[PDB]
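**Student:** so I pulled this structure from the PDB, and the sequence comes with it:
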Amino acid sequence: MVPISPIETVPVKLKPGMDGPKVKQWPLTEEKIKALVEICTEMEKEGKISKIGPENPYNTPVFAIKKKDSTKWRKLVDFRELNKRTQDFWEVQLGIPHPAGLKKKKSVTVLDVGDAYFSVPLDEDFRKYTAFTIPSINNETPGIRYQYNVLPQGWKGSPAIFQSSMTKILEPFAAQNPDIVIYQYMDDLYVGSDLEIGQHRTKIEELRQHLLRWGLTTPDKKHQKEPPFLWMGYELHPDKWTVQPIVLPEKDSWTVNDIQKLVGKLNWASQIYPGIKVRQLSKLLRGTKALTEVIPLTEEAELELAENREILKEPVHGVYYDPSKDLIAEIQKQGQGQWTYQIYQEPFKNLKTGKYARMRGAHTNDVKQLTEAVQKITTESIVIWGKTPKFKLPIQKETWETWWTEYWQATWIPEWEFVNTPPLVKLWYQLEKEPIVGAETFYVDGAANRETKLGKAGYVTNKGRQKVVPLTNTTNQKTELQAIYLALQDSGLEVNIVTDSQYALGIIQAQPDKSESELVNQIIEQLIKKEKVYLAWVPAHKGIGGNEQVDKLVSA
Amino acid sequence: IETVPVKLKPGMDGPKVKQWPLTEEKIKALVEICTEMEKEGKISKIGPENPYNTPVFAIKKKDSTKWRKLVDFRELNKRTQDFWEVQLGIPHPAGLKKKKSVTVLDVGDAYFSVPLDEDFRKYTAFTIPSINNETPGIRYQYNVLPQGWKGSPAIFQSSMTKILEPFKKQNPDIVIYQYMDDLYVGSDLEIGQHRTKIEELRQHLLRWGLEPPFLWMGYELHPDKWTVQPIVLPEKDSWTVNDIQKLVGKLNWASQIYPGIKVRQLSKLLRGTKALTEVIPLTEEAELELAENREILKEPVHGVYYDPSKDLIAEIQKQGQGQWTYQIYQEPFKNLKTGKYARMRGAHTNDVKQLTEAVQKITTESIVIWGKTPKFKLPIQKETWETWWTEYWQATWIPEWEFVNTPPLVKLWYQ
Ligand SMILES: Cc1cc(/C=C/C#N)cc(C)c1Nc1ccnc(Nc2ccc(C#N)cc2)n1
Ligand SMILES: NCc1cccc(Br)c1
Ligand SMILES: [Mg+2]
């Protein structure tokens, strides 16, 4: 015989304080019992399991499931209880590669390593916890007791330990053959290269021989799976990729659960189909989660669906990453807080696409949203490609300069250039830094009675203009904004406004261009019409003339 | 050479913190650093039975071209036992902050000579990720005291005292303070004298070691020249309505800090509804109130004391044109230190770089004065900060921070 290197076992423990499982074996039919004894006898000769004595106090139930449309039963050891008691492991598969970060390959070969999986021994001190019992016929003898010697299918630790064992075996081959890539998924190894077809098969045969060192045999009759690959919802080809087909059903009426998987398909599609939109369809899921409720689609959600159908009419494809070239990211504004982007290296050949959606918030503006989309794309690009793309943004260089130099927060966006494709992001208004000479000065105030919710809002000016308006079903904060709105509505193109509302200044100093509050939107609309606005703050209740006069008018 | 027993806090598991995305250049630098560390026995590969993780990245220290590995042990530091066994603590030297020059030395490399307790090593696990997750991340753990873990200076403390014994005996006026991987060395000498005693000090550690990659560098501070900020009021000959409103606003704010600030006479001056730019003559009564407020503001704030059982909080305001203001306090309106910056190097078009440098300076000042780091309230969106701060970090520690999303009106008063 040829000696084979043993695979180092991983030490495994139970969670602190826990013992192994002691779960009752379910009673089985004489028919099922016979099937299991055959399966287990063969597994025992293969070395996978071993008969044990009666001292071992642990147990996990075993079942016999009819493989559909066959007379053949198959064994299921139900490890759910042991899995609850087993320690946590490091799981490596948490991040799956994105196709747009992969590199072009001339050849990709698949090798079956399914027999490899039980060459992996189980830590000897842990095997006792895997005990299971085949019941005996008629319960007239003790059950046949076994434990595992190898990683069992269904045990919590098998994926991580299998993957880490295979990775360690493959590391020297990969390190000493940098012209190939190796990727393990389930019971297969995928081996890619740009080598000439003969060199590539030579590397394959060398990998087969390297694997033999550990006694791992690979099927000679080469794999049925061949490019393209269906993988993780994608279709991988040698030099292109796409998502698996996106089909949107025709439906006369839509349920909550239908809409959930529509939004599901559309998000998946958005990584290569440009311009996918989901705001209006996600709106139909606001709040409620009664999975069978039918929702009438708004006229707005019907339009969005229609535009999505149009986008999905034809297949698109993505290309793979070329490390020798820069990444470019281009972003467009779509409306209602929605943004779409494309990432490419040569014009018109996208590596991938994507979208970004406004965060739920009281007030917002386009520049902040653009800024957030840029940071999200930056972060995704670091993951996929390890570098920041250069950005093409629909905002003028001077608009950006004005924004970040005056904004109260620190903010930054990485190297970028203006692309002149409407709609452009712009600043709709900017407050003055100093009081305006010759402009009328409006002292504004409002107040409300918290019991009856009656209030007043108004102003007085240095020219003797005055206005007080009675209000119903209102609050102090609403009346403070109403007063500012009245001053904006009744003034000329240049106006100084004096308020004592910290609340109103908080909003205005955040420079929204759109709000959840229709009162704030009205204020924004007025601000856009002005040429100059200076907004001054004073503390309340201090004897401040002007303020002190209209405080007495509106709080009466 | 023999391990110190180390445990976590009671009822407390190891860190399980996600590795954030790294650029290609940093991944490559970390692979080279770690391959070298592994051959030197400092770290070892680990298997999947270790579920813990701490983020790692790489920086370039201030004025060098060579990459340094940095491990974000913040979570591990929170969950590690406190170290009072030989010492209740190193009573923070209050004289450090009065030297004319204090130099900061990266002595972290010395920690790698002490083995780490065999039972604690698993908790130092970290992962070098791969681009696009195309290959399994490389898993390591430390075999020796890691840089950036709070236990490293604590466990190495006995060895450090002994290495510095001759230099302390021969230069007894020098104040030497250790915080994490840094050594703060303060003197009253002239800079060339100082730089030569610093180089003297380096010798003892090359001597003891027999090579440290970043021991040669020196960050020169001058805490005696540290400027502060009292509250000052404008001095004007003509006051407009706007000027007086801003004054009353500022004084109203100051009155939360200083008991006897009065605004009633000045608020009278606003009587009427005048144009904002109209000049208002001050009355005698107003002038007197203003003068008495000026006097009050020239004295220290009452009942301000540092309490070491409480966190330090640092607030920062962007003032524009590269200028930043900050306050350090534990209770509202009881500022322990205030200051202002404008010097922000090579960042004239980068707000975030400026803020990141501000954070590091404030943290350094905090270490020198109180021996600990403040919790920052940062005027920045979380996603912007988290994406960029590691690109401008040059310190070997990392403070805690939260984010301000509502514009403070008090910006106006620190300007
Ligand atoms: C992640 C991954 C999944 C599969 C396979 C998953 C499955 N099923 C196969 C391989 C080889 C890889 N790994 C890498 C690494 C770098 N570039 C590439 N490029 C690449 C991969 C497949 C095709 C094709 N056809 C073309 C190029 N693949
Ligand atoms: N749907 C089949 C197909 C064929 C070639 C390239 C791509 Br991407 C997709
Ligand atoms: Mg009022």
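**Tutor:** Done, it's in. Numbers count the residues shown, from 1 in each chain, chains lettered A, B, ... in the order given. Ligands and ions are numbered 1, 2, ... in the order given.

**Student:** A strand includes residue A:54, no?
**Tutor:** No: applying DSSP: H, G, I helix; E, B strand; the rest coil, one finds residue A:54 to be coil, outside a strand.

**Student:** residue in the stretch 401-550 of chain A nearest to ligand 1?
**Tutor:** Residue nearest to ligand 1 within the stretch 401-550 of chain A: residue A:414 (25.9 Å; CB to the nearest ligand atom). Bear in mind the C-beta positions are built from the backbone N, C-alpha and C, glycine included.

**Student:** the helix or strand encompassing residue A:379: how far from the chain's middle?
**Tutor:** Assigning secondary structure by DSSP states H and E places residue A:379 in helix A:366-385. Relative to the mean C-alpha coordinate of its chain, helix A:366-385 is positioned 13 Å out (CA atoms, centre = their mean, to the nearest Å).

**Student:** again with stretch A:516-529
**Tutor:** Here stretch A:516-529 is found 34 Å from its chain centre; the criterion is CA atoms, centre = their mean.

**Student:** if we can go back for a sec, you'd agree the residue of the stretch 401-550 of chain A closest to ligand 1 is in a helix?
**Tutor:** No: applying three-state DSSP, one finds residue A:414 to be coil, outside a helix.

**Student:** so who does it touch?
**Tutor:** Going by CB atoms under 8 Å, 6 or more residues apart in numbering or on different chains, residue A:414 touches A:374, A:378, A:388, A:391.

**Student:** what is the helix holding residue A:379 packed up against?
**Tutor:** Applying 3 or more CB pairs under 8 Å, 6 or more residues apart in numbering or on different chains; DSSP states H and E, one finds that helix A:366-385 contacts strand A:328-335, strand A:338-346, strand A:349-357, strand A:390-393, helix A:397-406, helix B:382-388.

**Student:** now do 10 Å
**Tutor:** The helices and strands touching helix A:366-385, judged by 3 or more CB pairs under 10 Å, 6 or more residues apart in numbering or on different chains; DSSP states H and E, are strand A:328-335, strand A:338-346, strand A:349-357, strand A:390-393, helix A:397-406, helix B:24-39, helix B:382-388.

**Student:** got the ones you listed as JSON lines, with distance to ligand 1 and mean neighbour count columns?
**Tutor:** Output for these, formatted as JSON lines (distance: least, CB to the nearest ligand atom, whole Å; neighbours: other CB atoms under 10 Å in any protein chain shown):
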{"stretch": "strand A:328-335", "distance to ligand 1": "21", "mean neighbour count": "19"}
{"stretch": "strand A:338-346", "distance to ligand 1": "16", "mean neighbour count": "20"}
{"stretch": "strand A:349-357", "distance to ligand 1": "13", "mean neighbour count": "21"}
{"stretch": "strand A:390-393", "distance to ligand 1": "23", "mean neighbour count": "19"}
{"stretch": "helix A:397-406", "distance to ligand 1": "36", "mean neighbour count": "14"}
{"stretch": "helix B:24-39", "distance to ligand 1": "14", "mean neighbour count": "16"}
{"stretch": "helix B:382-388", "distance to ligand 1": "26", "mean neighbour count": "20"}
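
**Student:** quick one, which of those is nearest to residue A:60?
**Tutor:** helix B:24-39 (39.3 Å; CB to CB).

**Student:** chain center to that closest one, what's the gap?
**Tutor:** 27 Å.

**Student:** skipping adjacent residues, who's closest to residue A:164 in space?
**Tutor:** Closest residue in space to residue A:164, ignoring its immediate chain neighbours: residue B:48 at 4.5 Å, by CB to CB, 6 or more residues apart in numbering or on different chains.

**Student:** ok, the nearest residue to residue A:513 once chain neighbours are set aside - contacts?
**Tutor:** Using CB to CB, 6+ apart and skipping residues adjacent in sequence, the residue nearest residue A:513 is residue A:365, 4.0 Å away. For residue A:365, the contact set (CB atoms under 10 Å, 6 or more residues apart in numbering or on different chains) comprises A:371, A:403, A:425, A:427, A:428, A:510, A:511, A:512, A:513, A:514, A:515, A:524.
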